[PDB]
Amino acid sequence: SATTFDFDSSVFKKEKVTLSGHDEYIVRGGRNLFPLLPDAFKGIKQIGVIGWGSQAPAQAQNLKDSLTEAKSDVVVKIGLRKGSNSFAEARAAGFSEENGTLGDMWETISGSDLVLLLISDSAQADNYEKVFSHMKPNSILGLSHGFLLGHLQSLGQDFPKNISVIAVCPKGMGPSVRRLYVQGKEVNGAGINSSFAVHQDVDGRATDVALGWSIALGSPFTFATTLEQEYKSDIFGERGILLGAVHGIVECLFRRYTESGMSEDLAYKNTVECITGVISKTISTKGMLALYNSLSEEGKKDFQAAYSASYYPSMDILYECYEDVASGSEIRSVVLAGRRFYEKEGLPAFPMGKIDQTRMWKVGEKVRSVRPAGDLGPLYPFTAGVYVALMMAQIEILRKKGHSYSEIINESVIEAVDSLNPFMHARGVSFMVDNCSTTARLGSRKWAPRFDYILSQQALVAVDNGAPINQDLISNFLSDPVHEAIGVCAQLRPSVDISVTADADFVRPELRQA
Amino acid sequence: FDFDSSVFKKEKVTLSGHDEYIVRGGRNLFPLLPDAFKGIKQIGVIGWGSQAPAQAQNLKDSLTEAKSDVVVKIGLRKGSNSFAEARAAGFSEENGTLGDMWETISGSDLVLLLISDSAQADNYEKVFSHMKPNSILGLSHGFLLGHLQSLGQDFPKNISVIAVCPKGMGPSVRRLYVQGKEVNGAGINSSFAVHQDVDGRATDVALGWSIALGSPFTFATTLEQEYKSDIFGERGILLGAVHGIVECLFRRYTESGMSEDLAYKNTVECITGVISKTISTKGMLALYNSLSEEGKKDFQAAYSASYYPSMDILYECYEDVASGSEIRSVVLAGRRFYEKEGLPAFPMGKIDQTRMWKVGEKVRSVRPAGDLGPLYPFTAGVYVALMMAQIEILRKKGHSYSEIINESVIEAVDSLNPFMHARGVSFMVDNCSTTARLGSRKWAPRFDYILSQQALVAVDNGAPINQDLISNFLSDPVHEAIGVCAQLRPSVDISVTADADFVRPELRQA
Ligand SMILES: NC1NC[NH2+]c2c1ncn2[C@@H]1O[C@H](COP(=O)(O)OP(=O)(O)OC[C@H]2O[C@@H](O)[C@H](O)[C@@H]2O)[C@@H](O)[C@H]1OP(=O)(O)O
Ligand SMILES: N[C@H]1NC[NH2+]c2c1ncn2[C@@H]1O[C@H](COP(=O)(O)OP(=O)(O)OC[C@H]2O[C@@H](O)[C@H](O)[C@@H]2O)[C@@H](O)[C@H]1OP(=O)(O)O
Ligand SMILES: CC[C@@](C)(O)[C@@H](O)C(=O)O
Ligand SMILES: CC[C@@](C)(O)[C@@H](O)C(=O)O
Ligand SMILES: [Mn+2]
Ligand SMILES: [Mn+2]
Ligand SMILES: [Mn+2]
Ligand SMILES: [Mn+2]
């Protein structure tokens, strides 16, 4: 198999980055590159953005803003299903019928040269035939996730032969893709790193169309992957460290700390504030080694106890999750879950419920109500040990399963600290989880409890039984080749940190609060 | 599955206007075994997990009473550690009742494949190749068919395939049978299926097998209906859901100021004791009716808030089981028990070393004999609500009442709960199959989280009581059906203590 993926661009400058001795080719972003968009989008008069979930709002606005700066005539039109209640939001964002930029999803698909299929993954699974039948012959279908390929594989099917199929997948939530891009207007751009794939190419334009799309989104750097590598790492990652695992970790630790006498206020600060504050900030620009080195000598011992006890139990669940994603089990569960959002078989509809109305999140609201701006959070050693052990276990699973370092680092490190965690610091777990896709929201709900239980049952029990510290795990962490690679990727990161607060209006409508 | 028996008496039972045919058990039927087991000189019991020890002994005991010459031979792989255990149960090489797995399969007329479901999935070809033409393969779970279906495959067309699935843990199959020796029998109800029948012997061989296990009544099903209801049930009310419930309620009660002793009593002791005893012989309605007027209101608040969130998870679980997702996950999980791909081995860990279980050890250390715990109304409401939601899911998914009632009610109260009352969640969960153990671990957390996030939050928010829901619980036809099934239940309650010697070797304590 191939771990790395090279490509050719006649429009953009390809650059090499060496990660742990592995050369990987990438394309750096920047607003200065916007003038190249017309060349990248040759043969494209209309880009049809289908859906208005978490990705579409952001991608559509970023694309339009970029094309406007490039003085391009390419039309970005939003296509929505008939029963959609998102038309008003699209108009608020500047897409409307009077400009010819908002309409029916099928009619939009039919008139598009590039179709960005940004509807729920389960919807793609149950509606691809109609999407295919409406595509113009020789046009381009773009995905932001490889999920549909996994679903087609389960049916022994593939995409039509007469269209190109590409993907540009932002390694961060839609609200962050938009917000960072907006903050980037003051400098030479900002955004969320993206992976791209060229599954099918029927005319030779696929690579540059994908790269142009990514650059237009504001991606600081774009790296190559395949649809399969993307869905395997992605469906897994959100269930792992990005959403599911971090949620399970904070629930498990908050409970342990409060059981042990720590006040609810302090337990919240020592879990959520710690992880979303100092831990993320340090890992974002300095790395995990700098984080460990910022602990006191006694703190390193507590970190070691937590890391040593948490590493394998975390890996157990991650390993399970990854295999369920690769086998097709998880993809099928997501497809069936989407159908259960509606009544059928004489049974009720079961839309996703709220995940932040419980004890620790109610405490979180109180902590934040009186939290001053600029609070960095405490660096509680035990919490850092559990969190970093899970991050390292995820990295190891992805390496052993065959993913590139650019994919591994974005999916297990960069995304958590530069995109997601800032939302949980701002307004709790829901503000983070629920601003992600339906697939990610379902995944977080399904797997967070698994991480909570295994850490409580195994890791914490080991610590309370005086288990010896597995110093080999600690040494492995300290000498891990991923650290240098994380540093290399960090040099590609714009000097703009996402600014998001609780009353942010650039999030899903249902998540807006004031 | 309509069946006809030449040897046994088929009887009708009417459950909510639905006529189902079953076969009543009893030690008095043992003399009929030789006729039932036509063409069977050797029964090869493959494996020595939770079912095999129980089934092998019950079969041998029944055959002896029938004065049958059929040999029950245990077949184990390579250098298995179960040989010593099998010998301790009376099976030996010198008597030809213990031997190599493959050799045992080859010489057997009825092969009981009682090895882990994931192992069946990864080794069925080897099993099939050792089967004699026109021999019979017996399964105690339909999992293997589900796996073959995922491969677009089926069993060989030269053998019969049947199933006798005890609706209770293996240790309970043995224990109840032993307790039933002087009262014309006792046991665990079982479902049976005939997937393939080469010569017409299949039905009676399955029924004989079930009757010999001590089944109070045996009901008909198919391999697919069995795996769909079974893999789901263990993740549901039987193990996963009950575990999630007690964890979530113990946390709520202690958060509210209840002492740990009382929180454990009001959850685990309550459910496994008085609640189970009431449902076992009187029913859910009787349980509700025994509550004071204040108790009924608390019960209603818990039921009204817990019903749908519980159904949400049950619905998801069922569909993952029917689609093939869960079966595939179990097969892959079995492989991760060993090192591969440069990654560590991850055998299942312990689930009873956390806070509430340590409290339970303390609670049981001073528990007087015959103590069945307190009847805590709120706990009853959550538990019964989930029980009723599971029943509804199975109804809407097309299952028969005999199967629904056993998988959602009877097994919980007569087979499983007594073990948790005896020694905690592990004594119950870990005495079940590898598939059930994995399922409980995967789904218990889901029930805990949804009840915490939705049900309990609704109670704290003052959600109004869903009157129609409560009304439907009180008038639900399943209650009368449960009563009918209870009439077939022997007046024998399973006797299990912490030092039980009929459990898995690894679980035997002092
Ligand atoms: N690869 C394999 N090849 C052959 N056998 C085998 C393999 N892996 C596990 N096994 C055996 O499987 C047994 C452990 O499995 P288990 O899961 O505890 O087995 P049980 O609970 O007894 O369940 C048996 C059947 O009854 C139904 O209730 C179940 O759904 C299943 O269909 C052990 O005897 C073990 O062998 P020992 O450890 O005893 O040697
Ligand atoms: N049956 C359907 N037919 C068409 N569209 C559709 C259907 N079901 C959900 N949808 C749409 O799907 C959107 C909600 O989905 P979502 O899951 O929040 O969607 P996102 O987070 O935006 O993700 C889109 C893609 O980017 C990747 O990051 C994802 O993995 C996915 O491949 C809404 O716009 C919704 O329509 P509206 O509610 O806006 O009308
Ligand atoms: C954490 C998950 C995200 C934001 O990267 C994306 O994959 C999604 O599904 O929404
Ligand atoms: C609860 C599950 C049992 C005991 O009925 C059986 O199916 C098993 O898998 O062990
Ligand atoms: Mn992602
Ligand atoms: Mn995703
Ligand atoms: Mn069962
Ligand atoms: Mn089972």
# chains A, B, ... in the order shown; residues from 1 in each chain; ligands from 1
call {"tool": "residues_near_ligand", "arguments": {"ligand": "ligand 6", "cutoff": "8 Å", "atoms": "only C-alpha atoms and all ligand atoms", "output": "list in words"}}
result
residues 145, 231, 234, 235, 237, 238, 436, 437, 439 and 440 of chain A
call {"tool": "residues_near_ligand", "arguments": {"ligand": "ligand 4", "cutoff": "7 Å", "atoms": "only C-alpha atoms and all ligand atoms", "output": "list in words"}}
result
residues 166, 167, 168, 169, 170, 230, 231, 233, 234, 238, 239, 432, 433, 434, 435 and 436 of chain B
call {"tool": "write_last_selection", "arguments": {"atoms": "N, CA and C atoms", "output": "CSV table (one decimal), in the first residue's frame"}}
result
chain,number,residue,atom,x,y,z
B,166,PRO,N,-30.8,-22.0,25.0
B,166,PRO,CA,-31.3,-21.7,26.4
B,166,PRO,C,-31.4,-20.2,26.6
B,167,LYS,N,-32.5,-19.8,27.1
B,167,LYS,CA,-32.7,-18.4,27.3
B,167,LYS,C,-32.3,-18.1,28.8
B,168,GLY,N,-31.0,-18.3,29.0
B,168,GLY,CA,-30.5,-18.0,30.4
B,168,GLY,C,-29.0,-18.5,30.3
B,169,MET,N,-28.2,-18.0,31.2
B,169,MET,CA,-26.8,-18.3,31.3
B,169,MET,C,-26.5,-19.8,31.5
B,170,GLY,N,-25.4,-20.3,31.0
B,170,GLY,CA,-25.1,-21.7,31.1
B,170,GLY,C,-25.1,-22.2,32.6
B,230,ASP,N,-31.6,-12.3,20.3
B,230,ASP,CA,-30.6,-12.6,21.3
B,230,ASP,C,-29.5,-11.7,21.4
B,231,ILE,N,-28.8,-11.4,20.3
B,231,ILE,CA,-27.6,-10.5,20.4
B,231,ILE,C,-28.2,-9.1,20.9
B,233,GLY,N,-31.0,-8.6,22.9
B,233,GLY,CA,-31.5,-8.7,24.3
B,233,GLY,C,-30.4,-8.6,25.3
B,234,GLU,N,-29.3,-9.2,25.1
B,234,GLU,CA,-28.2,-9.2,26.0
B,234,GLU,C,-27.6,-7.8,26.2
B,238,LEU,N,-31.3,-7.5,29.4
B,238,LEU,CA,-30.6,-8.6,30.1
B,238,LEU,C,-29.3,-8.3,30.8
B,239,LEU,N,-28.4,-7.5,30.1
B,239,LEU,CA,-27.1,-7.2,30.7
B,239,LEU,C,-26.7,-5.8,30.6
B,432,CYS,N,-21.8,-15.2,31.1
B,432,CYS,CA,-22.5,-15.3,29.8
B,432,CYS,C,-21.5,-15.5,28.7
B,433,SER,N,-21.9,-15.7,27.5
B,433,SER,CA,-20.9,-15.9,26.4
B,433,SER,C,-20.0,-14.7,26.1
B,434,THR,N,-19.0,-15.0,25.3
B,434,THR,CA,-18.0,-13.9,24.8
B,434,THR,C,-18.8,-12.8,24.1
B,435,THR,N,-19.8,-13.2,23.3
B,435,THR,CA,-20.6,-12.2,22.5
B,435,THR,C,-21.4,-11.3,23.5
B,436,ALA,N,-22.0,-11.9,24.5
B,436,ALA,CA,-22.8,-11.2,25.5
B,436,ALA,C,-21.9,-10.3,26.3
call {"tool": "select_by_dssp", "arguments": {"residues": "stretch 275-510 of chain A", "states": "alpha helix (DSSP H)", "output": "ChimeraX atom specification"}}
result
/A:280-285,288-293,297-327,329-339,359-369,381-401,405-409,415,421-433,438-454,460-464,471-479,482-490
call {"tool": "interface_residues", "arguments": {"of": "chain A", "to": "chain B", "cutoff": "6 Å", "atoms": "only C-alpha atoms", "output": "list in words"}}
result
residues 329, 355, 358, 449 and 457 of chain A
call {"tool": "residues_near_ligand", "arguments": {"ligand": "ligand 1", "cutoff": "6 Å", "atoms": "only C-alpha atoms and all ligand atoms", "output": "PyMOL selection string"}}
result
chain B and resi 47-52+76-77+80-82+114-117+119+140-141+432-434
call {"tool": "write_last_selection", "arguments": {"atoms": "N, CA and C atoms", "output": "PDB file, in the first residue's frame"}}
result
ATOM      1  N   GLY B  47     -16.241 -27.413  22.898  1.00  0.00           N
ATOM      2  CA  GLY B  47     -16.048 -26.217  23.693  1.00  0.00           C
ATOM      3  C   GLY B  47     -16.235 -26.492  25.168  1.00  0.00           C
ATOM      4  N   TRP B  48     -15.883 -25.509  25.986  1.00  0.00           N
ATOM      5  CA  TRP B  48     -15.998 -25.597  27.435  1.00  0.00           C
ATOM      6  C   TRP B  48     -15.985 -24.170  28.008  1.00  0.00           C
ATOM      7  N   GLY B  49     -16.938 -23.366  27.537  1.00  0.00           N
ATOM      8  CA  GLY B  49     -17.080 -21.991  27.982  1.00  0.00           C
ATOM      9  C   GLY B  49     -18.167 -21.947  29.035  1.00  0.00           C
ATOM     10  N   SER B  50     -19.227 -21.189  28.789  1.00  0.00           N
ATOM     11  CA  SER B  50     -20.338 -21.095  29.743  1.00  0.00           C
ATOM     12  C   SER B  50     -21.465 -22.134  29.498  1.00  0.00           C
ATOM     13  N   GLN B  51     -21.745 -22.433  28.233  1.00  0.00           N
ATOM     14  CA  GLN B  51     -22.793 -23.388  27.897  1.00  0.00           C
ATOM     15  C   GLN B  51     -22.389 -24.864  27.973  1.00  0.00           C
ATOM     16  N   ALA B  52     -21.286 -25.228  27.324  1.00  0.00           N
ATOM     17  CA  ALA B  52     -20.830 -26.620  27.276  1.00  0.00           C
ATOM     18  C   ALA B  52     -20.775 -27.370  28.602  1.00  0.00           C
ATOM     19  N   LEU B  76     -12.072 -30.605  22.602  1.00  0.00           N
ATOM     20  CA  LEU B  76     -11.344 -29.366  22.850  1.00  0.00           C
ATOM     21  C   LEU B  76     -10.146 -29.240  21.926  1.00  0.00           C
ATOM     22  N   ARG B  77      -9.775 -28.001  21.631  1.00  0.00           N
ATOM     23  CA  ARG B  77      -8.668 -27.712  20.730  1.00  0.00           C
ATOM     24  C   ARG B  77      -7.305 -27.964  21.358  1.00  0.00           C
ATOM     25  N   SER B  80      -5.585 -27.037  25.158  1.00  0.00           N
ATOM     26  CA  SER B  80      -6.550 -26.290  25.942  1.00  0.00           C
ATOM     27  C   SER B  80      -6.427 -26.561  27.436  1.00  0.00           C
ATOM     28  N   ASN B  81      -6.643 -25.519  28.235  1.00  0.00           N
ATOM     29  CA  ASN B  81      -6.595 -25.611  29.691  1.00  0.00           C
ATOM     30  C   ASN B  81      -7.902 -26.154  30.246  1.00  0.00           C
ATOM     31  N   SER B  82      -8.891 -26.319  29.373  1.00  0.00           N
ATOM     32  CA  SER B  82     -10.198 -26.828  29.774  1.00  0.00           C
ATOM     33  C   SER B  82     -10.264 -28.338  29.977  1.00  0.00           C
ATOM     34  N   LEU B 114     -20.336 -25.326  20.707  1.00  0.00           N
ATOM     35  CA  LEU B 114     -20.386 -24.409  21.837  1.00  0.00           C
ATOM     36  C   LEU B 114     -19.065 -23.709  22.114  1.00  0.00           C
ATOM     37  N   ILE B 115     -18.504 -23.137  21.056  1.00  0.00           N
ATOM     38  CA  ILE B 115     -17.270 -22.357  21.145  1.00  0.00           C
ATOM     39  C   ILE B 115     -17.708 -20.910  20.916  1.00  0.00           C
ATOM     40  N   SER B 116     -16.821 -19.959  21.172  1.00  0.00           N
ATOM     41  CA  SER B 116     -17.151 -18.548  21.016  1.00  0.00           C
ATOM     42  C   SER B 116     -17.681 -18.296  19.615  1.00  0.00           C
ATOM     43  N   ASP B 117     -18.649 -17.398  19.513  1.00  0.00           N
ATOM     44  CA  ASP B 117     -19.255 -17.075  18.227  1.00  0.00           C
ATOM     45  C   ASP B 117     -18.237 -16.553  17.209  1.00  0.00           C
ATOM     46  N   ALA B 119     -15.119 -17.333  17.095  1.00  0.00           N
ATOM     47  CA  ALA B 119     -14.303 -18.486  16.704  1.00  0.00           C
ATOM     48  C   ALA B 119     -15.071 -19.298  15.666  1.00  0.00           C
ATOM     49  N   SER B 140     -26.355 -23.210  19.649  1.00  0.00           N
ATOM     50  CA  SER B 140     -27.176 -22.699  20.753  1.00  0.00           C
ATOM     51  C   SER B 140     -27.384 -21.182  20.567  1.00  0.00           C
ATOM     52  N   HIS B 141     -27.109 -20.723  19.346  1.00  0.00           N
ATOM     53  CA  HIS B 141     -27.237 -19.321  18.950  1.00  0.00           C
ATOM     54  C   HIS B 141     -27.196 -19.260  17.409  1.00  0.00           C
ATOM     55  N   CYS B 432     -21.840 -15.200  31.073  1.00  0.00           N
ATOM     56  CA  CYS B 432     -22.537 -15.343  29.793  1.00  0.00           C
ATOM     57  C   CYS B 432     -21.459 -15.493  28.719  1.00  0.00           C
ATOM     58  N   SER B 433     -21.864 -15.664  27.470  1.00  0.00           N
ATOM     59  CA  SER B 433     -20.929 -15.877  26.363  1.00  0.00           C
ATOM     60  C   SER B 433     -20.003 -14.700  26.069  1.00  0.00           C
ATOM     61  N   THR B 434     -18.970 -14.963  25.274  1.00  0.00           N
ATOM     62  CA  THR B 434     -18.034 -13.931  24.846  1.00  0.00           C
ATOM     63  C   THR B 434     -18.832 -12.822  24.141  1.00  0.00           C
TER      64      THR B 434
END
call {"tool": "atom_distance", "arguments": {"atom1": "atom CA of residue B:318", "atom2": "atom CA of residue A:456"}}
result
27.0 Å
call {"tool": "residues_around", "arguments": {"residues": "residue B:509", "least_positions_apart": "3", "cutoff": "10 Å", "atoms": "only C-alpha atoms", "output": "count of residues only"}}
result
8
call {"tool": "residues_near_ligand", "arguments": {"ligand": "ligand 3", "cutoff": "10 Å", "atoms": "only C-alpha atoms and all ligand atoms", "output": "JSON, numbers by chain"}}
result
{"A": [53, 54, 55, 120, 121, 144, 145, 169, 170, 171, 172, 173, 174, 175, 176, 177, 192, 194, 230, 231, 233, 234, 235, 236, 237, 238, 239, 240, 241, 242, 243, 244, 410, 411, 412, 415, 416, 419, 420, 432, 433, 434, 435, 436, 437, 438, 439, 440, 441, 442, 443, 444]}
call {"tool": "write_last_selection", "arguments": {"atoms": "C-alpha atoms", "output": "PDB file, in the first residue's frame"}}
result
ATOM      1  CA  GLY A  53     -25.224  22.112   7.575  1.00  0.00           C
ATOM      2  CA  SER A  54     -21.920  22.911   9.263  1.00  0.00           C
ATOM      3  CA  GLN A  55     -19.571  22.750   6.231  1.00  0.00           C
ATOM      4  CA  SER A 120     -25.443  14.592   5.727  1.00  0.00           C
ATOM      5  CA  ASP A 121     -23.485  11.431   4.992  1.00  0.00           C
ATOM      6  CA  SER A 144     -15.645  16.794   1.848  1.00  0.00           C
ATOM      7  CA  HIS A 145     -15.577  13.263   3.301  1.00  0.00           C
ATOM      8  CA  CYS A 169     -11.844  17.735   3.433  1.00  0.00           C
ATOM      9  CA  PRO A 170     -11.299  20.508   6.006  1.00  0.00           C
ATOM     10  CA  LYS A 171      -9.682  19.026   9.128  1.00  0.00           C
ATOM     11  CA  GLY A 172     -11.791  21.242  11.381  1.00  0.00           C
ATOM     12  CA  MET A 173     -15.430  22.168  12.013  1.00  0.00           C
ATOM     13  CA  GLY A 174     -17.254  24.363   9.487  1.00  0.00           C
ATOM     14  CA  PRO A 175     -17.671  27.308  11.924  1.00  0.00           C
ATOM     15  CA  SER A 176     -13.863  27.385  12.343  1.00  0.00           C
ATOM     16  CA  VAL A 177     -13.232  27.194   8.568  1.00  0.00           C
ATOM     17  CA  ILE A 192      -8.225  25.075   8.415  1.00  0.00           C
ATOM     18  CA  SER A 194      -7.498  20.255   4.330  1.00  0.00           C
ATOM     19  CA  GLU A 230      -9.905   9.864   4.556  1.00  0.00           C
ATOM     20  CA  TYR A 231     -13.059   8.095   5.718  1.00  0.00           C
ATOM     21  CA  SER A 233      -9.099   8.187   9.620  1.00  0.00           C
ATOM     22  CA  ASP A 234     -11.910  10.702   9.813  1.00  0.00           C
ATOM     23  CA  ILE A 235     -14.881   8.681  11.022  1.00  0.00           C
ATOM     24  CA  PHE A 236     -12.437   7.199  13.515  1.00  0.00           C
ATOM     25  CA  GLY A 237     -10.809  10.485  14.598  1.00  0.00           C
ATOM     26  CA  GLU A 238     -14.024  12.259  15.551  1.00  0.00           C
ATOM     27  CA  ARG A 239     -15.016   9.239  17.657  1.00  0.00           C
ATOM     28  CA  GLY A 240     -11.504   9.302  19.104  1.00  0.00           C
ATOM     29  CA  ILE A 241      -9.541  12.283  20.428  1.00  0.00           C
ATOM     30  CA  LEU A 242     -11.407  15.008  18.520  1.00  0.00           C
ATOM     31  CA  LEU A 243     -14.836  14.608  20.106  1.00  0.00           C
ATOM     32  CA  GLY A 244     -15.821  11.247  21.603  1.00  0.00           C
ATOM     33  CA  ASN A 410      -4.234  16.835  11.529  1.00  0.00           C
ATOM     34  CA  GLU A 411      -6.707  14.174  12.625  1.00  0.00           C
ATOM     35  CA  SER A 412      -5.122  13.614  16.049  1.00  0.00           C
ATOM     36  CA  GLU A 415      -7.661  19.826  14.567  1.00  0.00           C
ATOM     37  CA  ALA A 416      -8.251  19.320  18.307  1.00  0.00           C
ATOM     38  CA  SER A 419     -10.341  24.081  15.561  1.00  0.00           C
ATOM     39  CA  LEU A 420     -12.395  22.140  18.087  1.00  0.00           C
ATOM     40  CA  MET A 432     -17.877  21.785  20.051  1.00  0.00           C
ATOM     41  CA  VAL A 433     -19.560  18.462  19.168  1.00  0.00           C
ATOM     42  CA  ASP A 434     -22.821  19.790  17.771  1.00  0.00           C
ATOM     43  CA  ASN A 435     -21.131  22.189  15.390  1.00  0.00           C
ATOM     44  CA  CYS A 436     -19.689  19.136  13.614  1.00  0.00           C
ATOM     45  CA  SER A 437     -21.447  16.853  11.106  1.00  0.00           C
ATOM     46  CA  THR A 438     -24.307  14.497  11.811  1.00  0.00           C
ATOM     47  CA  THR A 439     -21.848  11.610  11.414  1.00  0.00           C
ATOM     48  CA  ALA A 440     -19.465  13.179  13.961  1.00  0.00           C
ATOM     49  CA  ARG A 441     -22.317  14.035  16.370  1.00  0.00           C
ATOM     50  CA  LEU A 442     -23.579  10.445  16.278  1.00  0.00           C
ATOM     51  CA  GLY A 443     -20.019   9.151  16.663  1.00  0.00           C
ATOM     52  CA  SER A 444     -19.231  11.326  19.670  1.00  0.00           C
TER      53      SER A 444
END
call {"tool": "atom_distance", "arguments": {"atom1": "atom CA of residue B:387", "atom2": "atom CA of residue B:249"}}
result
16.0 Å
call {"tool": "atom_distance", "arguments": {"atom1": "atom CA of residue A:229", "atom2": "atom CA of residue A:312"}}
result
24.0 Å
call {"tool": "residues_around", "arguments": {"residues": "residue B:484", "least_positions_apart": "3", "cutoff": "10 Å", "atoms": "only C-alpha atoms", "output": "count of residues only"}}
result
11
call {"tool": "residues_around", "arguments": {"residues": "residue B:46", "least_positions_apart": "3", "cutoff": "6 Å", "atoms": "only C-alpha atoms", "output": "PyMOL selection string"}}
result
chain B and resi 74-75+112-114
call {"tool": "residues_around", "arguments": {"residues": "residue B:420", "least_positions_apart": "4", "cutoff": "9 Å", "atoms": "only C-alpha atoms", "output": "ChimeraX atom specification"}}
result
/B:268-269,272,416,424-429
call {"tool": "residues_around", "arguments": {"residues": "residue B:495", "least_positions_apart": "4", "cutoff": "12 Å", "atoms": "only C-alpha atoms", "output": "MDAnalysis selection string"}}
result
chainID B and resid 171:180 369:370 414:419 421:422 499:502
call {"tool": "write_last_selection", "arguments": {"atoms": "N, CA and C atoms", "output": "CSV table (one decimal), in the first residue's frame"}}
result
chain,number,residue,atom,x,y,z
B,171,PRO,N,-24.4,-21.4,33.5
B,171,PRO,CA,-24.4,-21.9,34.9
B,171,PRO,C,-25.8,-22.1,35.5
B,172,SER,N,-26.8,-21.3,35.0
B,172,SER,CA,-28.2,-21.4,35.5
B,172,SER,C,-28.9,-22.6,34.9
B,173,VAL,N,-28.5,-23.0,33.7
B,173,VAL,CA,-29.0,-24.2,33.0
B,173,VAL,C,-28.6,-25.4,33.9
B,174,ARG,N,-27.4,-25.5,34.4
B,174,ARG,CA,-27.0,-26.6,35.2
B,174,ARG,C,-27.6,-26.6,36.6
B,175,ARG,N,-27.5,-25.4,37.3
B,175,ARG,CA,-28.0,-25.3,38.6
B,175,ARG,C,-29.5,-25.6,38.8
B,176,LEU,N,-30.3,-25.0,37.9
B,176,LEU,CA,-31.7,-25.3,38.0
B,176,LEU,C,-32.0,-26.7,37.7
B,177,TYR,N,-31.3,-27.3,36.8
B,177,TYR,CA,-31.5,-28.8,36.4
B,177,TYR,C,-31.2,-29.6,37.7
B,178,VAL,N,-30.1,-29.3,38.3
B,178,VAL,CA,-29.7,-30.0,39.6
B,178,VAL,C,-30.8,-29.8,40.6
B,179,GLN,N,-31.3,-28.6,40.8
B,179,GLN,CA,-32.4,-28.3,41.8
B,179,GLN,C,-33.7,-29.0,41.4
B,180,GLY,N,-33.9,-29.3,40.1
B,180,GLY,CA,-35.1,-29.9,39.7
B,180,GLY,C,-35.1,-31.4,39.7
B,369,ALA,N,-29.3,-13.4,55.3
B,369,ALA,CA,-29.9,-14.4,54.4
B,369,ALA,C,-31.3,-14.1,54.0
B,370,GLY,N,-31.7,-14.3,52.8
B,370,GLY,CA,-33.0,-14.0,52.3
B,370,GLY,C,-33.4,-12.6,52.1
B,414,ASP,N,-35.4,-14.8,36.2
B,414,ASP,CA,-35.1,-16.2,36.7
B,414,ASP,C,-33.7,-16.7,36.5
B,415,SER,N,-33.0,-16.1,35.5
B,415,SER,CA,-31.7,-16.6,35.2
B,415,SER,C,-30.5,-15.7,35.6
B,416,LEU,N,-30.6,-14.4,35.1
B,416,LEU,CA,-29.5,-13.5,35.3
B,416,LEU,C,-29.4,-12.7,36.6
B,417,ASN,N,-30.5,-12.0,36.9
B,417,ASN,CA,-30.4,-11.2,38.1
B,417,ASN,C,-30.0,-11.8,39.4
B,418,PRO,N,-30.4,-13.1,39.6
B,418,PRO,CA,-30.0,-13.8,40.8
B,418,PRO,C,-28.4,-13.8,40.9
B,419,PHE,N,-27.7,-13.8,39.8
B,419,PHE,CA,-26.3,-13.8,39.9
B,419,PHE,C,-25.7,-12.4,40.3
B,421,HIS,N,-27.4,-10.4,42.2
B,421,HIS,CA,-27.7,-10.2,43.6
B,421,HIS,C,-26.7,-11.0,44.4
B,422,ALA,N,-26.2,-12.1,43.9
B,422,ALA,CA,-25.2,-12.9,44.6
B,422,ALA,C,-23.8,-12.3,44.7
B,499,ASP,N,-19.9,-18.2,46.4
B,499,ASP,CA,-19.0,-19.3,46.2
B,499,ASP,C,-19.5,-20.4,45.4
B,500,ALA,N,-20.4,-20.1,44.4
B,500,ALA,CA,-21.0,-21.1,43.5
B,500,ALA,C,-19.8,-21.8,42.7
B,501,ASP,N,-19.9,-23.1,42.7
B,501,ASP,CA,-18.9,-23.9,42.0
B,501,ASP,C,-19.3,-24.3,40.5
B,502,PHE,N,-20.5,-23.9,40.1
B,502,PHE,CA,-21.0,-24.2,38.8
B,502,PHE,C,-20.8,-23.0,37.8
call {"tool": "closest_residue", "arguments": {"among": "A:348, A:191, A:261, A:218", "to": "residue A:67", "atoms": "only C-alpha atoms"}}
result
A:218
call {"tool": "decode", "arguments": {"residues": "stretch 497-505 of chain A", "atoms": "C-alpha atoms", "output": "compact mmCIF listing (two decimals), in the first residue's frame"}}
result
# COMPACT_ATOMS: atom_id res chain seq x y z
CA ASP A 497 -5.67 31.82 16.61
CA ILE A 498 -9.41 31.37 16.23
CA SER A 499 -11.47 33.85 18.28
CA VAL A 500 -14.77 32.36 19.36
CA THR A 501 -16.98 33.18 22.31
CA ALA A 502 -20.32 31.83 23.59
CA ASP A 503 -22.47 34.32 21.62
CA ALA A 504 -20.78 33.57 18.30
CA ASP A 505 -23.28 33.88 15.47
